[PDB]
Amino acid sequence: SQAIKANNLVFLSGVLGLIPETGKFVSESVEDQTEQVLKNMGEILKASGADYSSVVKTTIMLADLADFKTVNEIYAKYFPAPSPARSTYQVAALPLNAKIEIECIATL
């Protein structure tokens, strides 16, 4: 599932930058894909009765770590300081050749 509730916590699946309706990427850019990832994540969090501010942990998996800065600049707009606990690294590849995938854990 996209999200699972356990007690105080909610666990979200790794989110790709897809249009919720179509299942296709919003574009090829890491910028649009990142933005879309954060938007989708917001939708899923709020559906679970959480929100951006109740997120306690995130993991950002990147296709290219060189995008780190711009990704971050987008990320910071959704998770401003104080931001959740975070880990970031470059993977060999992501599903559907995505540019970015973000997973997270939040409180209820």
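So that there is no doubt, residue numbering starts at 1 and follows the sequence shown.
Selected stretch [higher average CA B-factor]: 88-96 or 15-23: Mean C-alpha B-factor is greater for 15-23.
Between 66-74 and 35-43 (mean CA B-factor, as deposited), the higher: That would be 66-74.
Which of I105, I4, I102, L108 ranks first by CA B-factor in the deposited coordinates: That would be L108, according to the entry.
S29, C-alpha B-factor rank within chain (lowest, middle or highest third): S29: CA B-factor falls in the highest third of its chain.
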